[PDB]
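As structure tokens, the structure follows; a few thoughts come after it.
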Amino acid sequence: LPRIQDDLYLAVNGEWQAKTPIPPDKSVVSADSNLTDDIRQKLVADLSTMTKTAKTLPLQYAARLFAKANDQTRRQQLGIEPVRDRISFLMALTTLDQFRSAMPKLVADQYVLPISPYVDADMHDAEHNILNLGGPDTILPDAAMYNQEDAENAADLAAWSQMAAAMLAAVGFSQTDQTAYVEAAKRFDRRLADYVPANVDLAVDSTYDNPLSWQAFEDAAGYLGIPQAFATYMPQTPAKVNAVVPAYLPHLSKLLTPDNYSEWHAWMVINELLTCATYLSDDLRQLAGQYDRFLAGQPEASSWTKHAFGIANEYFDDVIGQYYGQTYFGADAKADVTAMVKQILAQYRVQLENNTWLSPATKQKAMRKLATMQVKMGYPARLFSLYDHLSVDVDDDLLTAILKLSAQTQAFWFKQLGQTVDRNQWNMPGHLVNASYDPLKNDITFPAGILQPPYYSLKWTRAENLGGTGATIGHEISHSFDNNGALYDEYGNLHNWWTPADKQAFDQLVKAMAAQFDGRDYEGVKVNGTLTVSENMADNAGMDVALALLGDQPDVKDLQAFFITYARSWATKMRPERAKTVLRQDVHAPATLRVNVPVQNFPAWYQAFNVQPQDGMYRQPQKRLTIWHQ
Ligand code: NA
Ligand SMILES: [Zn+2]
């Protein structure tokens, strides 16, 4: 095992890393996945007691949905039957004009469509909701892959093709039609890929800022009857909508014509089956995850319980997470984490104040972001009003229940377009082992799920908590000023609040941060420092402010506790195949580098373990990088 001076991650996690098998039903095992499993176990036990009666109606619905999802017997007995009439319906839509003419039913009955609606805040007016117009994803895990014809692309397409053909076989397609449909679908997928942003581009917010008038939406999609169908669910049609990506919607009328309709139709049919299959028998849900497992190198499907709990969470995660927090997250832990967050924000203000490169105007607006920043702590006091509109009925099968929730969800959101953003909507449920920052709300969220070992304990020392949870708190605050966040004001609106020289100085730090991670190895895979720049900025400035809470002259034993606890909180063991996929899409660097890279920027690291120039965890002073705290 390496010395802590040579490899912090392996000196701390190396014993666990070498001995811990990755279970065949997982692609990764980690501090967070193991905690997630523990949480799931407890909550499944609790929800199992709540069908007949529960504390509230939404919790009864949550329990009911879990019971349906968990009913292996029923789901086995039904098999593929529940989907068959949906597939017959799509199969009778043989032409583009019949597709258009059926569009009211397709929209009503929650079918796979070439555009899907999502409602959230307008980036140029964060006080109000806007309709976002999303579309299909590509089969390859990055749209940029289609630029290069090679063996990996062929292998990935073959894996998907094998899944898709077997799913069509399950519903009675002949060998001939399997092949024809899969080939036709790939042809749509290949043409789609030309108008889907590369993953690197998806890491920048401005990629999603694609406003268009309602008329322009009609000009782009009215030939399919989609805008008209959507409009029936709204009191008024909005003046402005937003395309999720730049190039897809404008090109939809090339992508989907009467002549190439059959390629869309094949893709739509395969994807409807794949989507609904998640709610059918255990065999069929497993079949529907085959391709993603191939990409992950995962030998087996997830456990039945993990799968059934996942389904209940699709629609009732906030309700479940609210119950989790009310039940298992203590008032004294909540008060101590609340105090920690207040302290970190206070120290972040001190750091902006002491900062020596920001000009006065820019520094003030940075402070404004810390001034309006809101904190969502543990779990919501009040459930979001969506939960006045979701329901689950006793006798429904799982697919019927899921289709209803989807319909209720779509109908609710179509009614939110004339309305102000509800600040009571949380972006994470209370039991989630995660945390977040939302630039549109300028807020930070810390679900109860993450506020326990291995991240936090009332019984741990302040230095341990700072390392386990403080750096996370700091990370989330830092997202307000990362390369995305810095583009929004303290009201959640995209607005340039930087001077030219300060914006130039900032850009150079971002550039240095990409360079600090670019090309580093994980499991044999190259890390993309541009892709991951936003998260590496947040890690760096988050660790910085958390370290500052140790005071001006910390004891070495506390400096050590901070780094050890941080390092342990990141213990992660993943399949090399999963790394390859993740490292092409995820804005986060891998866990080993999130541990070993950032620390070497900070004098407290050198002081903690008396790190010398010959040590593996030594960075030359002129390569050390800090952000606000300089
Ligand atoms: Na994470
Ligand atoms: Zn982050």
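Ordering of the structure tokens sets the chain letters (A, B, ...), residue numbers begin anew at 1 in every chain, and ligands are numbered from 1 in the order given.
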
Selection as number ranges by chain: residues within 10 Å of ligand 1 by only C-alpha atoms and all ligand atoms
A: 32, 433-436, 472, 535, 570, 586-591

### Task
Write out as an NGL selection string each polymer residue whose atoms come within 10 Å of residue 81 in chain A, counting only C-alpha atoms; drop sequence neighbours fewer than 3 positions from it.
:A and (77-78 or 84-86 or 171 or 280-281)

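The two atoms in question, CA of residue 186 in chain A and CA of residue 272 in chain A, are spaced 15.2 Å apart.
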
Quick check, in Å to one decimal: how far apart do CA of residue 619 in chain A and CA of residue 545 in chain A lie?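 The value is 20.0 Å.
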
Throw together the list of residues within 12 Å of ligand 2, counting only C-alpha atoms and all ligand atoms, and drop it here as a PDB file with C-alpha atoms, in the first residue's frame.
```pdb
ATOM      1  CA  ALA A 203     -21.423  19.926 -20.518  1.00  0.00           C
ATOM      2  CA  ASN A 434     -26.187  13.107  -3.426  1.00  0.00           C
ATOM      3  CA  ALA A 435     -26.341  16.925  -3.300  1.00  0.00           C
ATOM      4  CA  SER A 436     -26.893  19.783  -5.765  1.00  0.00           C
ATOM      5  CA  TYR A 437     -26.832  23.375  -6.917  1.00  0.00           C
ATOM      6  CA  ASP A 438     -29.408  24.899  -9.237  1.00  0.00           C
ATOM      7  CA  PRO A 439     -28.444  28.028 -11.083  1.00  0.00           C
ATOM      8  CA  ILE A 444     -28.111  24.347  -2.738  1.00  0.00           C
ATOM      9  CA  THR A 445     -29.720  21.088  -1.650  1.00  0.00           C
ATOM     10  CA  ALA A 471     -16.034  20.015   0.999  1.00  0.00           C
ATOM     11  CA  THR A 472     -19.397  18.937  -0.464  1.00  0.00           C
ATOM     12  CA  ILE A 473     -21.164  21.997   0.950  1.00  0.00           C
ATOM     13  CA  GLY A 474     -18.382  24.100  -0.542  1.00  0.00           C
ATOM     14  CA  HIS A 475     -18.592  22.265  -3.818  1.00  0.00           C
ATOM     15  CA  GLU A 476     -22.281  23.026  -4.161  1.00  0.00           C
ATOM     16  CA  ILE A 477     -21.773  26.732  -3.363  1.00  0.00           C
ATOM     17  CA  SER A 478     -18.912  26.803  -5.902  1.00  0.00           C
ATOM     18  CA  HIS A 479     -21.238  25.736  -8.658  1.00  0.00           C
ATOM     19  CA  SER A 480     -22.777  29.293  -8.516  1.00  0.00           C
ATOM     20  CA  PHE A 481     -19.410  30.536  -9.928  1.00  0.00           C
ATOM     21  CA  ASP A 482     -18.273  27.663 -12.094  1.00  0.00           C
ATOM     22  CA  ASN A 483     -18.018  28.104 -15.887  1.00  0.00           C
ATOM     23  CA  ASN A 484     -21.790  27.551 -16.159  1.00  0.00           C
ATOM     24  CA  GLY A 485     -22.995  29.115 -12.900  1.00  0.00           C
ATOM     25  CA  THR A 532     -15.096  17.753 -16.471  1.00  0.00           C
ATOM     26  CA  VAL A 533     -14.006  21.330 -15.920  1.00  0.00           C
ATOM     27  CA  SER A 534     -17.161  22.509 -14.100  1.00  0.00           C
ATOM     28  CA  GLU A 535     -16.910  19.794 -11.452  1.00  0.00           C
ATOM     29  CA  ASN A 536     -13.181  20.080 -11.012  1.00  0.00           C
ATOM     30  CA  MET A 537     -13.667  23.819 -10.409  1.00  0.00           C
ATOM     31  CA  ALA A 538     -16.321  23.093  -7.790  1.00  0.00           C
ATOM     32  CA  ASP A 539     -14.141  20.477  -6.102  1.00  0.00           C
ATOM     33  CA  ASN A 540     -11.197  22.819  -5.950  1.00  0.00           C
ATOM     34  CA  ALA A 541     -12.999  25.891  -4.593  1.00  0.00           C
ATOM     35  CA  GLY A 542     -15.155  23.638  -2.375  1.00  0.00           C
ATOM     36  CA  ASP A 586     -20.090  12.516 -17.134  1.00  0.00           C
ATOM     37  CA  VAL A 587     -19.025  16.044 -16.112  1.00  0.00           C
ATOM     38  CA  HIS A 588     -17.448  14.541 -12.974  1.00  0.00           C
ATOM     39  CA  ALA A 589     -13.933  13.295 -12.944  1.00  0.00           C
ATOM     40  CA  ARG A 594     -11.180  13.880  -7.391  1.00  0.00           C
TER      41      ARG A 594
END
```

Excluding range 371-377 of chain A and its own-chain neighbours fewer than 4 positions away, which residues fall within 7 Å of it when counting only C-alpha atoms? Please give them as a JSON list (two decimals) with N, CA and C atoms, in the first residue's frame.
```json
[["chain", "number", "residue", "atom", "x", "y", "z"],
["A", 367, "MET", "N", -20.67, 38.45, -4.61],
["A", 367, "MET", "CA", -21.27, 38.49, -3.27],
["A", 367, "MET", "C", -22.77, 38.42, -3.27],
["A", 442, "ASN", "N", -30.75, 29.63, -7.84],
["A", 442, "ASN", "CA", -29.60, 29.90, -7.02],
["A", 442, "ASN", "C", -29.74, 29.26, -5.60],
["A", 443, "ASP", "N", -29.88, 27.94, -5.58],
["A", 443, "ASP", "CA", -29.96, 27.25, -4.30],
["A", 443, "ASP", "C", -29.13, 25.98, -4.25],
["A", 444, "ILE", "N", -28.97, 25.48, -3.03],
["A", 444, "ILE", "CA", -28.11, 24.35, -2.74],
["A", 444, "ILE", "C", -28.98, 23.38, -1.93],
["A", 445, "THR", "N", -28.88, 22.09, -2.24],
["A", 445, "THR", "CA", -29.72, 21.09, -1.65],
["A", 445, "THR", "C", -28.85, 19.94, -1.08],
["A", 446, "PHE", "N", -29.18, 19.54, 0.16],
["A", 446, "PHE", "CA", -28.48, 18.56, 0.92],
["A", 446, "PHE", "C", -29.45, 17.56, 1.51],
["A", 447, "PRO", "N", -29.81, 16.55, 0.71],
["A", 447, "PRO", "CA", -30.77, 15.56, 1.20],
["A", 447, "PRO", "C", -30.24, 14.84, 2.46],
["A", 490, "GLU", "N", -27.83, 36.58, -9.51],
["A", 490, "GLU", "CA", -28.31, 36.13, -8.23],
["A", 490, "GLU", "C", -29.82, 35.86, -8.27]]
```

Need to verify the contact set: residue 18 in chain A, 10 Å, only C-alpha atoms, exclusion of same-chain residues closer than 6 positions in sequence. Can you return it as number ranges by chain? A: 1, 10, 573

If you keep N, CA, C and O atoms, can you produce a file of those selected residues as an mmCIF file, in the first residue's frame?
```
data_model
loop_
_atom_site.group_PDB
_atom_site.id
_atom_site.type_symbol
_atom_site.label_atom_id
_atom_site.label_comp_id
_atom_site.auth_asym_id
_atom_site.auth_seq_id
_atom_site.Cartn_x
_atom_site.Cartn_y
_atom_site.Cartn_z
ATOM 1 N N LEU A 1 0.865 -1.235 0.000
ATOM 2 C CA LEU A 1 0.000 0.000 0.000
ATOM 3 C C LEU A 1 0.885 1.263 0.000
ATOM 4 O O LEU A 1 1.817 1.368 0.782
ATOM 5 N N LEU A 10 -5.120 5.679 -2.583
ATOM 6 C CA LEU A 10 -4.771 4.248 -2.299
ATOM 7 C C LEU A 10 -4.259 4.060 -0.864
ATOM 8 O O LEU A 10 -4.482 3.029 -0.270
ATOM 9 N N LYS A 573 -15.118 1.703 -6.805
ATOM 10 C CA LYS A 573 -14.493 0.660 -7.635
ATOM 11 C C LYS A 573 -15.466 0.360 -8.785
ATOM 12 O O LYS A 573 -16.600 -0.070 -8.565
#
```
